[PDB]
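By letter and in written order, the chains are A, B, C, D, E and F; residue numbering begins at 1 in each of them.
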Amino acid sequence: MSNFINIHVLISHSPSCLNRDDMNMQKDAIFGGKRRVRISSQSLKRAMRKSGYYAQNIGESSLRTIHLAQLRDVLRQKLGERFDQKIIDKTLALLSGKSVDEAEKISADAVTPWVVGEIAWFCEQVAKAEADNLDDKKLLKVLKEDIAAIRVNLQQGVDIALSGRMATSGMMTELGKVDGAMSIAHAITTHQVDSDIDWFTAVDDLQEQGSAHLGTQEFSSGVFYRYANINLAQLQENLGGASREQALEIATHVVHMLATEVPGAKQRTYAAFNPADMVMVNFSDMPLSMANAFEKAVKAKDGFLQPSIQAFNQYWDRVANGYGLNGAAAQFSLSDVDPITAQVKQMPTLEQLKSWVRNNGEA
Amino acid sequence: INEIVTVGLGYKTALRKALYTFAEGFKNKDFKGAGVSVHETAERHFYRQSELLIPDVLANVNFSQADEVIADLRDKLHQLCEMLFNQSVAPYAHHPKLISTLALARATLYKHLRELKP
Amino acid sequence: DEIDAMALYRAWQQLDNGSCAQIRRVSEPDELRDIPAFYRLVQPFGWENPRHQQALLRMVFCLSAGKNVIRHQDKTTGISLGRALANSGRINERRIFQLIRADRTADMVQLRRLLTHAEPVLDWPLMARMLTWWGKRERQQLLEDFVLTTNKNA
Amino acid sequence: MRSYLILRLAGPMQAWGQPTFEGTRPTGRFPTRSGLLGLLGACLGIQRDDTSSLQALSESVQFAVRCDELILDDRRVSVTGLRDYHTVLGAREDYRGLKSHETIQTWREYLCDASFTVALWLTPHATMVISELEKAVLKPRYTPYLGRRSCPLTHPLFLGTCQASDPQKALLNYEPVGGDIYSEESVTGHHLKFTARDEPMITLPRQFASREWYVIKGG
Amino acid sequence: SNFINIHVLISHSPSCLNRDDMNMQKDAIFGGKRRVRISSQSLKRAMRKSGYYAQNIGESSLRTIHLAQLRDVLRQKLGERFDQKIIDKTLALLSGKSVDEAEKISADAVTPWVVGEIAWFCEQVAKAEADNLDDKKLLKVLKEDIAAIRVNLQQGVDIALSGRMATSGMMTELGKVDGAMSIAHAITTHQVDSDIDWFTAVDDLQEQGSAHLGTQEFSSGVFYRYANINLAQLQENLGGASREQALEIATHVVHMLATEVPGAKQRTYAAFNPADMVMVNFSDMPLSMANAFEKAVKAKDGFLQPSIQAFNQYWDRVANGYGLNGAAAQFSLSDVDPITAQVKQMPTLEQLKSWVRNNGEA
Amino acid sequence: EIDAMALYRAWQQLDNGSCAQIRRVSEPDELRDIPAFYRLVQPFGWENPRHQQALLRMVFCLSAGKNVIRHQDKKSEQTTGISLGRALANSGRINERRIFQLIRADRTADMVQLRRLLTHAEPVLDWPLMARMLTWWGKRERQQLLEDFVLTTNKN
């Protein structure tokens, strides 16, 4: 069992509002007939992309936009010393399907993730049109043959290699379709939650102290369960046939981010900067989520955290024994517990867990 | 005949309008909409149950003296619209955000249904 | 077929300041179970039949807001709790979102705090029946009534 | 005094054919003759190629269908329709080649919650006995469904066997009474017909011919 | 008995494993109550296109049908319709090795769709010998068809178990291959409260900012999958065929039902959940246990436990009343158990598959 | 798996010495220290801990005296036996505020109070009922006790 790597995270948050509705209400979801506070998987993804850790260890994130009129200026700024403006314009025009007018505002069909590396690569490839003129469709047919060569430039993307992208217009609809490679679930609380409401006011220094109607902000604490899953082969493919070890390094970065990164919503005013209390990683031939460990909403004994850990471990034992799974399984917990069973190796620190992942579960 | 047809179509449009209002919402006083298309799958139910009632009576009425048949028809269609409305709205009626909307949607529903009586 | 009469309300009106003081001083309906004046009050209706106990706990708990918090008004159908709380104008709809999302004892608490703040006028038997069941449709209907009345009086 | 075989059709979803050459594949409120013949055919193990056994089975037996309305918690649950959006990837472009479309779409109506009690009897020109049919519906050779393979049974086909003069009188012996009945045999005091194109033209696959049900309404 | 019944109770975390043409969850009214549905085609594709299927069925030892083995039988089943020379010609064009050359391994029975197709070929080469177009000339016009059957003669178990591949070079009525496993629509055991995810799309160049709005329906729930296997049909379409082999395939079907999940929105919702219960029972007639949840299950401590309970309690009173007989085995992750014995309790799934593989004998 | 009425009978028949040893005890936990208790309670529940607490309570109540708790079988017309609340009410010596304080007590304290009440009341009751309420001794049982007392006084 060594194609899919499964990441399970139990993380408790102090009173906050990490993800909102269209009525500025806490995102929720019904599980096991009970209301759970929810964090969007898109929210977690973006929280990862725009994180400092990602910038330090993985690289630059993709630039998602529809505004090609601004994007042409950006690309002209970052690629102007390497290419001519007409070539860049023809490049972006070919990829998007729209025309670069030097106008004030021209938009694309939808929000698109652009990585400057592959765009520079496309500038180099469209510079072959400066050579013996191939028709644009001809050049397209040439590029169709070697997609791996395009995916090599996606190592400056990765978030695209992890989350994928879809194009509707331009040349990107035939060259830029990325499928894999990371499947992440919506973070839901392991227990039933009755959300509290902050009834706030706004003191007017030129009128107050006086009467005023009040405002509302829905907030809540809770033990969230995050799940992620990485298809190593698909990641290797998405990076242009990259080595497995590299994919595992990226995987460890994903582990760390999933264990530490928290969406920055309402953090200036609520500040729920809490680390994960449990992180388990297991290799498998088939993806496996332990959400059904909380299908029966956990009830508080000494908080929601400990019975969540306990329920998680119990359900993992039941599933593991029932379906005869054999990892490659390691668990990291802050709390002292009675977890089990061999060989779900206990890691004292998170870094030892990440190291255990880098060495393909054998360490 | 024209009256029976227009009655059936009238109740149809009542239900569809109600559910569409439940979908899109009411912007003026900031009532949020569900964001789902339930009118189309409910109209099919309405139609399926209507094929049993309207052609059947329309085949067997004494046109000279049969407005009371049209009246019981109105009653049956009314009940049908109520039932289908509540059924279509049921899975989304657990979030206050949407309950506040379905209050008004139901209100407009009963407005139209009230306007269908002679 | 056994219904709790409106007499209870009247009884609550006519009860002395001492026992009413003992009753008002309560956080939860189980603590209402704790005090004797409650049993003396609710026996005729009555308490000794477990089918009625929960309903009585809710009703008496709501009445425990005060002697003249819930103002009875005769009616086609009388003013409902939603319509009442809406007509009061003091209640914010978010707190009713809370009320509909609350669980067990909590909701009753939240309800009581509302009544004291609202001083509502309503047909008591309606509220009595709704408290008798207090299912999902009672909650939903409450919110509907409130929202619709507030929207209709703005 | 005819011998009747009484069967039950009780899936959570059901589908009974109606005239169609398009993607939208509709259903009726009750089973079709072609459907029931295909059902018994499946039970008996009749392949699609041999016209002989098909013809024999079709000429041999006749049906009567009763619509059983569902009652649970002394509440009536009327029948309802479904519209399944059913796509195919890599479907046939042509009947001969290996060329295919990326995606085709079809719409398929289903029937929930429907249950039926069906009484079948032998024609005078019968080529088999009711015992063979009983033994067949008790121990089928091919998977029985109603009437798409997606739709399984929740109650065994065989419900019983009886002696009676009318198919109605035969149906009365079994529990869910009061449903409408569509038979191929007429009963006194009953008039209404119901037209349907559900008699399989066996000589010519795969098309159907017009026929009519006798309608009986109870209470 | 001829039929194998597979019943699976599996819980799914918040997701959307099946959409309609308007990006909404597929549903179905059962017992007057709305149930979330996962179409049978979605499940059957999720199985047929899975890697486990490709390993245990895509590469089975019985996938290759050698025509040289079917020399004699094809001669006596088509001797009524065609001459021997025509048959030998066809086999020589299809294999394509003429010699006979008896393999010393002449089969006893033949798969129906095989004789169905090669009969068509016999007809074609007959009218081709009447026209007459020479072997090369006609082999040119029958290229796609010949290749089309050649690829099918290497996928015996796939066709036998799942049916033809929606674009197989089949023409004759016998070429319409059904079964051998029937997959039912997976419906929820309970009434579902559907949630509506309200998402946005952030523009990195105007974060001020006008938000791109969107909605998507999702819901968690306990689904009841049902499937059945016709062993006789599976043996006939591999004919062949020993019952033990058919059982060995049936085990694969059990496993796939207990594990495989559709890939709809699994990249964003990730409902990679395993089955919390799976029971297998032999019978003379296939029966779904859907009416166990005809009355919508209501949550006591989640939906899973009362679903297990409802299932078992239904099986207790209903099982003997219907023609279920024996034998039956159940693998679950939580008590209680059905009060009735004659339903062996299996600790692991592998023990259950081993139980199926031994024709249900203990 | 249930404790019989035999215990009561046993308590009736036990000699004065051991009864003296048991009677002079302040708390139910202090009852564990003396051996005569173990000898008395040995047949019924030890070593199955599920009954232990309950037994500690029961004997403690019985420790009030040899003939303090007077047992009376339920009449065929009564359908249910006289309850502890009804008993304390019928005695007429008990003031309701001490039963209020009884419902407000926690753990050992309540038993301390309860015994003190019995000695002052000399109540008549159906012993299996009191035993049953003492086995669980949840909040509902307490509140039920108060129900019986207050309701008995108000109704009669």
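Here is the rule we go by: a residue touches a chain if its C-beta (ideal position, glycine included) is under 8 Å from a C-beta of that chain, and two chains touch if they have at least 3 such contacts.
These are the chains along with the protein names UniProt gives them: A, E = CRISPR system Cascade subunit CasC; C, F = CRISPR system Cascade subunit CasB; D = CRISPR system Cascade subunit CasD.
K.L.:
Listed by label, which chains are in contact with chain D and with chain E?
P.N.:
Touching chain D as well as chain E, we find B.
K.L.:
State which chain is most central when centres are taken as means of Cα atoms.
P.N.:
That would be chain E.
K.L.:
Please identify the chain with the largest separation between its CA centroid and the CA centroid of chain D.
P.N.:
Checked the centroid distances; the maximum from chain D is F.
K.L.:
For chain C and chain E, what's the span in angstrom between their mean Cα positions?
P.N.:
Taking the average C-alpha coordinate of chain C and of chain E, the gap between them is 58 Å.
K.L.:
If you average the Cα atoms of chain B and of chain F to get two centres, how far apart are those centres in Å?
P.N.:
Using C-alpha averages as centres, the distance is 66 Å.
K.L.:
Indicate the whole-number Å distance between the mean C-alpha point of chain B and the mean C-alpha point of chain D.
P.N.:
Inter-chain centre distance comes to 33 Å.
K.L.:
How many Å are there between the centre of chain A and the centre of chain B, using C-alpha atoms for each centre?
P.N.:
Using C-alpha averages as centres, the distance is 44 Å.
K.L.:
Hunt down the residues of chain E that sit against at least two other chains at once, touch-wise.
P.N.:
Chain E, residues with two or more chain partners: 193, 195, 198.
K.L.:
Can you list every residue of chain C that touches 2 or more other chains, as numbers and ranges?
P.N.:
If we look for residues of chain C contacting two or more partner chains, we find 101.
K.L.:
Taking each residue of chain B in turn, which ones touch at least two of the other chains?
P.N.:
94-95, in rising order.
K.L.:
For chain E, which residues count as touching chain B in their complex?
P.N.:
By the definition above, chain E touches chain B via 22, 24, 34, 191-196, 198, 215, 217.
K.L.:
Applying the document's contact rule, which stretches of chain A touch chain E when the two form their complex?
P.N.:
Within the complex, chain A contacts chain E at residues 21-22, 27-34, 38, 40-42, 46, 63-67, 70-71, 74, 110-111, 163-164, 182-186, 188, 227-229, 285-289, 291-292, 295-297, 318-319, 321-324.
K.L.:
List the residues on chain B that touch chain C in their complex, please.
P.N.:
Listed in rising order, the residues are 29, 93-94, 96, 99-100, 102-104, 106-107.
K.L.:
Which residues of chain E touch chain A once you look at their complex with the stated criterion?
P.N.:
Against chain A, the touching part of chain E is residues 11, 13-14, 51, 190, 193, 195, 197-199, 201-206, 212-213, 218-220, 258-259, 266-274, 276, 299, 301-305, 331, 333-334, 347-350.
K.L.:
Can you tell me which positions in chain C touch chain A when the two form their complex?
P.N.:
92, 94-95, 98, 101-103, 106
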